[PDB]
Each structure stands twice: as structure tokens, then as C-alpha cells.
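Here is the structure we will look at, set down as C-alpha cells.
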Amino acid sequence: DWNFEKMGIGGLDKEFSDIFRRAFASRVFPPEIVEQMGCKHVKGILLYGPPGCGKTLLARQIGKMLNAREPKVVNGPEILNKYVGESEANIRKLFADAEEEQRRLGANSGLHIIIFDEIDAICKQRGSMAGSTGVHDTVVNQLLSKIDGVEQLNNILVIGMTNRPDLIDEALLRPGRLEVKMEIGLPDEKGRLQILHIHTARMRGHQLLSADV
Amino acid sequence: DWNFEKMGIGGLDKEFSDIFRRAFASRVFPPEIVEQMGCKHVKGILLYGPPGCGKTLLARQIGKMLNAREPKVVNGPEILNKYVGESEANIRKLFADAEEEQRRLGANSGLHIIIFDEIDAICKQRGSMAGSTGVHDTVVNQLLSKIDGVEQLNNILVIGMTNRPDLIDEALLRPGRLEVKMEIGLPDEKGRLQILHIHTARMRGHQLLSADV
Amino acid sequence: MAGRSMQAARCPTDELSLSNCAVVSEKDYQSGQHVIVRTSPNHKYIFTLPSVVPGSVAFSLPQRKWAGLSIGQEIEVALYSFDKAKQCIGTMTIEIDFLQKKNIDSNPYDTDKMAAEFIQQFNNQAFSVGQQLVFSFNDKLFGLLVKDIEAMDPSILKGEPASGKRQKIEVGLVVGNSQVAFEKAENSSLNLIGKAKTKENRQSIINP
Ligand SMILES: Nc1ncnc2c1ncn2[C@@H]1O[C@H](COP(=O)(O)OP(=O)(O)OP(=O)(O)O)[C@@H](O)[C@H]1O
Ligand SMILES: Nc1ncnc2c1ncn2[C@@H]1O[C@H](COP(=O)(O)OP(=O)(O)OP(=O)(O)O)[C@@H](O)[C@H]1O
Numbered sequence: 212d213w214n215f216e217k218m219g220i221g222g223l224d225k226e227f228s229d230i231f232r233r234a235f236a237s238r239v240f241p242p243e244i245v246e247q248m249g250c251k252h253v254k255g256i257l258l259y260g261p262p263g264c265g266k267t268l269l270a271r272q273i274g275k276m277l278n279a280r281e282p283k284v285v286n287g288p289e290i291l292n293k294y295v296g297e298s299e300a301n302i303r304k305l306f307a308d309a310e311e312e313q314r315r316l317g318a319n320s321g322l323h324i325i326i327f328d329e330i331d332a333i334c335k336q337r338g339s340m341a342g343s344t345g346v347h348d349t350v351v352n353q354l355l356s357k358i359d360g361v362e363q364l365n366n367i368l369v370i371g372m373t374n375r376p377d378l379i380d381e382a383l384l385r386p387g388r389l390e391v392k393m394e395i396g397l398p399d400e401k402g403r404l405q406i407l408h409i410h411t412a413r414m415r416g417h418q419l420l421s422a423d424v
Numbered sequence: 212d213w214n215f216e217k218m219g220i221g222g223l224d225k226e227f228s229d230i231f232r233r234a235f236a237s238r239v240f241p242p243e244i245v246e247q248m249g250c251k252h253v254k255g256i257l258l259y260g261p262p263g264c265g266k267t268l269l270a271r272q273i274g275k276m277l278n279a280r281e282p283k284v285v286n287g288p289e290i291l292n293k294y295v296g297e298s299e300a301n302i303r304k305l306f307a308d309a310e311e312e313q314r315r316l317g318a319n320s321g322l323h324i325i326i327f328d329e330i331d332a333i334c335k336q337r338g339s340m341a342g343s344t345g346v347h348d349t350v351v352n353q354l355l356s357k358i359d360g361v362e363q364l365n366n367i368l369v370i371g372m373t374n375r376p377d378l379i380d381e382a383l384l385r386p387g388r389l390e391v392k393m394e395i396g397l398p399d400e401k402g403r404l405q406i407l408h409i410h411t412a413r414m415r416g417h418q419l420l421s422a423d424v
Numbered sequence: 001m002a003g004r005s006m007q008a009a010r011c012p013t014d015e016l017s018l019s020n021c022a023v024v025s026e027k028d029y030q031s032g033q034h035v036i037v038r039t040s041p042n043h044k045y046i047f048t049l053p054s055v056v057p058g059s060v061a062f063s064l065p066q067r068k069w070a071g072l073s074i075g076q077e078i079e080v081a082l083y084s085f086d087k088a089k090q091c092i093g094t095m096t097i098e099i100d101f102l103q104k105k106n107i108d109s110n111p112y113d114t115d116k117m118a119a120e121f122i123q124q125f126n127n128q129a130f131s132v133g134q135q136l137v138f139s140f141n142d143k144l145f146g147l148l149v150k151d152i153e154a155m156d157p158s159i160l161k162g163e164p165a166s167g168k169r170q171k172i173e174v175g176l177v178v179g180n181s182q183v184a185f186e187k188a189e190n191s192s193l194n195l196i197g198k199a200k201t202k203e204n205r206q207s208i209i210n211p
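Protein chains in written order, with the deposited numbering: chain E, 212 to 424; chain D, 212 to 424; chain F, 1 to 49, 53 to 211.
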């Protein structure tokens, strides 16, 4: 049933086109030709921008767009825990299922989508951190190993949103983990019109808006 | 059994009227027109001003005014704790009842009120504590994520009082989190007169005031 | 279960003092039964149960110190309703130091061993908050003081993923999968590690 109009997105035409281009072109072609080229698939996205533009909305609409297993969402720093090493247990529990599925089916398995929220709370520069809590460093390193370690996993997509992109570590923003880094900005008059029509559709439908507007 | 003169507040008629218009208008209007309208309630109010003007009185009287469950009150920095991850758990422990009821009764659910005193003690602009900031930023991110995350709550109302509005992080003040911003200032002469009668009603009633005053 | 009047006796042996059991005659009660000892209307202590006189209950010096029991006091002895799938600890927090200050050293002790040994030695025993006991490793002696008790979530007992809603309990039962943590009392030298011996991240301010 999907069509662009049902997602309710505003004036983010160019960004959406670029995302679909740079992230989803491979999966749409027949397996034969894509195998002929022999290219690898993206597994990460990093949206950023000023507060209150709709980043989470885009992520959830992206989730709706894909037919796949229900995304696993890590709502901020829910991973930290007071016992030593317990957070790493949680992290690995995330990837266990995907690993097992890919082992059982091989190259022709389904896709798994993972959404990380408030990524800056977890991942900050390992070196630039309060000496007292190496738990952060272990988490970052463990994560880096898991997402891109010697072993390759290719049925995962990771989404990360923040508000102050400077704080993010350099080691994570490299090709293979998050290369595509988008900037969302203010819309123009047409996008504002689209939003207003979206938020006025019911008022026109139920005839509760005067014609003088 | 509610009467405006019973709460013994004088000199803030205009602010209270505006507050009532912005906050409780949706929940008192008959529903059917509202479902036709398709809107969502507002879940944030902040009050600020110089010391000793009567903010806490407004909060307490508002809490008594509404017909709902006994409000949950947090007295300053009660959330900090010596073990990592417990602050976050406590924070979640604030919203767990709301989540349960939302899941169970859906639209037909009661209202929940949470009051934060001295919010400036726990919420400060991220990246401003030189040491031990590991706990502070987690706290701030947790609160932001809890108020508005992928999951949506529709049975929560938040009222806050503060003395230093310009030191707070911008992320907590965007529309959708704390919309109704109110300033309580010094009263004028008429308010002083009203207040003096308010606080001298019992004495006048019992004839303990001389006739030459 | 009706209370019996009993006389407080002295624990017959130090070996029995190491078991943390209240020692009774076989005529009175069976090994592994649990009792509530009432010393006054407001004080109820729960304990796990040939040389003991029938009609007497012999208490060790630590148990008597913790519970305030004198030898020869008449006491009412009954039983606790020890809930089944709840209490049984999920993890516990204990304070540790060298039992006597003369043995102190500062090199690290591999201490996951000491927790596994703790679970092996005191399996299925009752434990409560505030209780004091003694432990031994590397032929060195340690004093211990329980400070917190989280149960298992009953879901784990049901064979289901834990919610994280661990209840905190006034008494817990050690079972073959319980865990324990050993935080030092500040003044100390006993370096420790293991890995699972547990030390919550200290979250302590420091001034430059
Ligand atoms: N461009 C937009 N298109 C549609 N709705 C929008 C847009 N910008 C804001 N909104 C409305 O306001 C909300 C603000 O965006 P959202 O909740 O995704 O926050 P965010 O900007 O991702 O997060 P943060 O405020 O933490 O930086 C949207 O969920 C939506 O209800
Ligand atoms: N506008 C007012 N009308 C009536 N009484 C008032 C008013 N302002 C203050 N009072 C009286 O002053 C008392 C103290 O006010 P209150 O503690 O609410 O101030 P506050 O602004 O909450 O405090 P602060 O900002 O200094 O922490 C009130 O309980 C009330 O008796």
C-alpha cells in the first residue's frame, strides 16, 4: 500500500531521493545483476541538524516503508547497568538473532533494521572521556568490533540521531559504518504550505475552517 | 466543588486565564468535535520569575483543582544515586504507570500530573560540567527521550517552576515539550489591595481588626 | 506452626559455627528445616536448622551477637512461610575485609573463584540483610557483612526472560544460580579483581 503521499513528509524531497539512491538501490535490482557487479550494501545512516525538524519522524516512516522484521530500538542510554560487563551482554543479545538467521539462510536471508536513539549518550570519544568510567570505552570498542569486526554481517541497518554532531567519535564516522551523513535544514515556503495542508486536511474535510483564510 | 475564589490567589487573573485557555481547553470541550478535529493535547507548562512571587502556590492550587490521581512530587535532586543506571531507572519509574494505563485503556484514560521543583538543579546545558558529567548528560538525555520518544503518551501533563530560565538547555524548551511559558512578576496596586483583603478575610470576619484601619 | 519454648544453648563446635546453622537435637527438628525465633514481639529472626539437649537450641556466637540471644533464655521457636518462587536471591551485595588486620596485604586476589566457592559452600542456606559471617581464601580469613538483597524476577524461575523488576527482600534463599558482590570497606588494602566479584562504577566527584 505504500506511496509517498501516505508518509506525510514535508519538503525534504532532495534528501529522501538521495537516501533512497545511496542506501536502497542495490536491494531493488534482481539478485543476478547485482551479484554480477559484486558490490556491498550500506548498513548505517547518521542524521543531524538543529532541534525539532522531524528526524525521528523520518526514521519511523523509513521503518514503516520497509517490510522486514520489526526494528529493534534502543531508546537512549538504557544499556548502562551497574554490574560490570552487563551492558556488553545487552549489546551482544541484540546481534545474536541476526547472526543466527544469517547462518541458517546464507546470502539469501532477510533484512534486520536497528534504530539507535540519542546516540551521543552512548558513543562519545573514547579518549576524551571521564577517566573514571572506562565502561564507555569498552562499549564503544565492543560496538565497533560487533558492527564491523573481522566477521562481516550484512543484514543490519543502524540509524543514529543526535543534536551536537561534534561530540561523536571520529573512529565511528568512517566508510563501512556511517559514511552518509545528512544535514536537515529549514524548509521553504512550499514545504511550509505542504505542512499546513497536511495539518489542515481534516479541518477542510470537516468544514471547520472559514474561507477567508 | 471548585471555586476560583477558594484558592486564595490574587493579582494573577490574566495569567491564569491565559493558562487555562492554553492548557485545559481541549480536555473540557465536548469530545466529538475534538475527534473530528484530530488534535493532540499539550503536555508542558513552565513558570519563571524572581524569588517570592507565588509560583509554588500556583502549582499546589492547580494540583488541587484537577480531578485526577494524587500527583507524584519530586523534591529537588532526589534522583541522583551512587550506582550507574539507577537514575535512569528511577526516571523510568516515574512514567511506568502512564505507559501501563495508555496500553490498557487506550483513549478512555485518566490524567497524570508530575511537578518538578527547582528543575535547574538537574537540567543544565549539555557539555558544561567539567567533571563527573557522565551522570549529568545521561540524566538530561534520559529526560528528553522519556518526554517525547518513539512511544507516545497521551495521559501525561507536566508543570515546572524555575528561577533561572536562561541557563536551561534549548532542547527542553522546543514546542511539544514545554509550550506554555509564563512569567509571574511584581503585582500592581490593585493586586496588592486584593491580596491584603485575601489575607485579612478571617480577621475581618471575627472582628479582630479595629475600625480606625 | 505452633511455637515451642526452647532454651538457648551454646553451639557445640566451631565447625558447626562455620555452617551458619542453628544446631538442634534430632528429636526436636530435622536438618534443613527453617524456624522463626521470636525474642520479643518486635524481633523475629529466621534461621536454618546429637549433642544438643532436646528442648534446647544451640546458637553460635555470631548468630547470638546478631540476634541478641543470651544462653539459657527461654525463646519461642516456630517457622517462617519462606515463599517459594520469589525470595531466592538473584544477586546480593556484601562488604568484605580481612578477618584480622594482621594478615593484610595489597596484591590482587582472583576472586570470582571466591564467589563460586561461596555459592558452593553456602548453597540453599537462608541469608538476611545485616547478617555477619566469615570466609576463607588462599588460607587467609575474611569478615563479611551483607548489605543488600535483590531477588530473582519470578519469570526466571518460570523459565522466561527477566523484566528487570527485581524485588528487594528482607530475607533471601541462596540457590545454585544466585550471585554475590564484595564491596570493600573504605579503609583497606585487600586488592581484589576476579571480574564478576562486582564493583559498581564509583560515580564520585573529584576536584582538580
Ligand atoms: N518537517 C516536519 N515535517 C513534519 N512534521 C514535523 C516536521 N518538523 C516537525 N514536525 C512535527 O514536530 C515533531 C518534531 O520532530 P521530531 O519529533 O522528529 O524531533 P527531532 O527534531 O527528531 O528531535 P529533537 O527535538 O530531539 O532534536 C515531529 O514529530 C512532527 O510532529
Ligand atoms: N500573588 C500572591 N497572592 C497571594 N499570596 C501570595 C502571592 N504571592 C505570594 N503569596 C504568599 O506568599 C507565600 C509564599 O509564596 P511561595 O513560596 O509560593 O513563593 P515561590 O515563588 O514559590 O518561592 P521561591 O521562588 O522563592 O522558591 C504564599 O504561600 C502566599 O501565602
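Where a beta carbon is used, it is the ideal one built from N, C-alpha and C, also for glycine.
Nearest residue (CA-CA) to residue i, options the options
| i | options | result |
| --- | --- | --- |
| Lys198 (chain F) | E:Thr267, E:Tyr259, E:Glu297 and E:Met248 | E:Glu297 |
| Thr373 (chain E) | E:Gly249, E:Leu305, E:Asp229 and E:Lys266 | E:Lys266 |
| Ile379 (chain E) | E:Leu269, E:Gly402 and E:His347 | E:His347 |
| residue 51 (chain F) | F:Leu193, F:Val174 and F:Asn126 | For residue 51 (chain F), nothing is modelled; it lies in the interval where chain F passes from 49 to 53 with no residues in between. |
| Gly321 (chain E) | E:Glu281, E:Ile273, E:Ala300 and E:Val351 | E:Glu281 |
| residue 51 (chain F) | F:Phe121, F:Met1, F:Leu49 and F:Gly71 | For residue 51 (chain F), nothing is modelled; it lies in the interval where chain F passes from 49 to 53 with no residues in between. |
| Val350 (chain E) | E:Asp212, E:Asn366, E:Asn292 and E:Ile367 | E:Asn292 |
| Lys105 (chain F) | F:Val137, F:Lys200 and F:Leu144 | F:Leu144 |
| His323 (chain E) | E:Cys334, E:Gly345, E:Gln272 and E:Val284 | E:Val284 |
| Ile36 (chain F) | F:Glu186, F:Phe47, F:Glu15 and F:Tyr29 | F:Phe47 |
| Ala279 (chain D) | D:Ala422, D:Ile256 and D:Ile367 | D:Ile367 |
is_contact[residue i, chain F] using C-beta, thresh 8 Å
| i | result |
| --- | --- |
| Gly338 (chain D) | no |
| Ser343 (chain D) | yes |
CB contact check: residue i to chain D, cutoff 8 Å
| i | result |
| --- | --- |
| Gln206 (chain F) | yes |
| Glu79 (chain F) | no |
| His408 (chain E) | no |
| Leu419 (chain E) | yes |
| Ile46 (chain F) | no |
Buried/exposed call for residue i, threshold 16 Cβ in 10 Å
| i | result |
| --- | --- |
| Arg337 (chain D) | buried |
| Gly133 (chain F) | exposed |
| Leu316 (chain D) | exposed |
| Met248 (chain E) | exposed |
| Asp377 (chain D) | exposed |
| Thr411 (chain D) | exposed |
| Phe215 (chain E) | exposed |
| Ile290 (chain D) | buried |
| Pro242 (chain D) | exposed |
| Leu420 (chain E) | exposed |
| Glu362 (chain E) | exposed |
| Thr201 (chain F) | buried |
| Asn20 (chain F) | buried |
| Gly93 (chain F) | buried |
| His34 (chain F) | buried |
| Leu397 (chain D) | exposed |
| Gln90 (chain F) | buried |
Minimum Cβ-Cβ distance from residue i to chain E less than 8 Å
| i | result |
| --- | --- |
| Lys187 (chain F) | no |
| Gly265 (chain D) | no |
| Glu163 (chain F) | no |
| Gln272 (chain D) | no |
beta-carbon residue i near ligand 3 non-hydrogen atom, thresh 7 Å
| i | result |
| --- | --- |
| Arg315 (chain D) | Only ligand 1 and ligand 2 can be found as ligands here, which leaves ligand 3 out of the picture. |
Practice item. Check each residue of the segment 281-297 of chain D: if its Cβ is closer than 7 Å to any Cβ of chain F, include it; give the result in chain order. Key: Listed by position, the residues of the segment 281-297 of chain D near chain F (Cβ gap below 7 Å) are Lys293, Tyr294 and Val295.
Check your understanding: Taking any Cβ of chain E, which residues in the segment 347-370 of chain D have a Cβ under 7 Å from it, in chain order?
Key -> Taken in chain order, the members of the segment 347-370 of chain D whose beta-carbon sits within less than 7 Å of a beta-carbon on chain E are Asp348, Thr349, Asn352, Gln353, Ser356, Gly360 and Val361.
**Study point:** Validate contact between the segment 53-61 of chain F and the segment 100-117 of chain F using beta carbons, cut 8 Å, 3 pairs
**Key:** With a cut-off of 8 Å, the segment 100-117 of chain F and the segment 53-61 of chain F do not count as touching, because too few Cβ pairs lie within range.
Exercise for review: Decide yes or no for the touch test of the segment 67-82 of chain F against the segment 8-17 of chain F: beta carbon pairs closer than 8 Å, at least 3 of them.
Suggested key: Contact check between the segment 67-82 of chain F and the segment 8-17 of chain F: three or more CB pairs, one atom from each, fall below 8 Å, which counts as touching.
Exercise for review: Anything in the segment 165-179 of chain F with a Cβ closer than 7 Å to a Cβ of chain E? List those residues in chain order, please.
Suggested key: Listed by position along the chain: nothing, the set is empty.
Check your understanding: Any residues in the segment 82-94 of chain F with a beta carbon nearer than 9 Å to a beta carbon of chain D? Which ones, in chain order?
Key -> Result list empty, no residue passes.
Point to revise | Three CB pairs or more closer than 8 Å across the segment 382-390 of chain E and the segment 313-329 of chain E | key: No: fewer than three Cβ pairs fall under 8 Å.
Practice item. For the segment 73-83 of chain F and the segment 147-163 of chain F, state whether three or more C-beta atom pairs, one from each stretch, are separated by less than 8 Å. Key: Judged by pairs of C-beta atoms under 8 Å, the segment 73-83 of chain F does not touch the segment 147-163 of chain F, as fewer than three such pairs exist.
Check your understanding: When the Cβ atoms of the segment 297-312 of chain E are set against those of the segment 259-278 of chain E, are three or more pairs found closer than 8 Å?
Key -> Counting Cβ pairs under 8 Å, fewer than three are found: no touch.
**Study point:** Inter-stretch contact (C-beta, 8 Å, three-pair minimum) for the segment 392-405 of chain D and the segment 219-235 of chain D
**Key:** Because the criterion of three Cβ pairs below 8 Å is met, the segment 392-405 of chain D and the segment 219-235 of chain D touch.
Practice item. Anything in the segment 321-336 of chain E with a Cβ closer than 7 Å to a Cβ of chain D? List those residues in chain order, please. Key: Within the segment 321-336 of chain E, the residues whose Cβ lies closer than 7 Å to some Cβ of chain D are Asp328, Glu329 and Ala332, listed in chain order.
Exercise for review: Determine which residues of the segment 133-161 of chain F have a Cβ less than 8 Å from any Cβ of chain D, and write them out in chain order.
Suggested key: Those residues of the segment 133-161 of chain F that come within reach of chain D (Cβ to Cβ, closer than 8 Å) do not exist; the list is empty.
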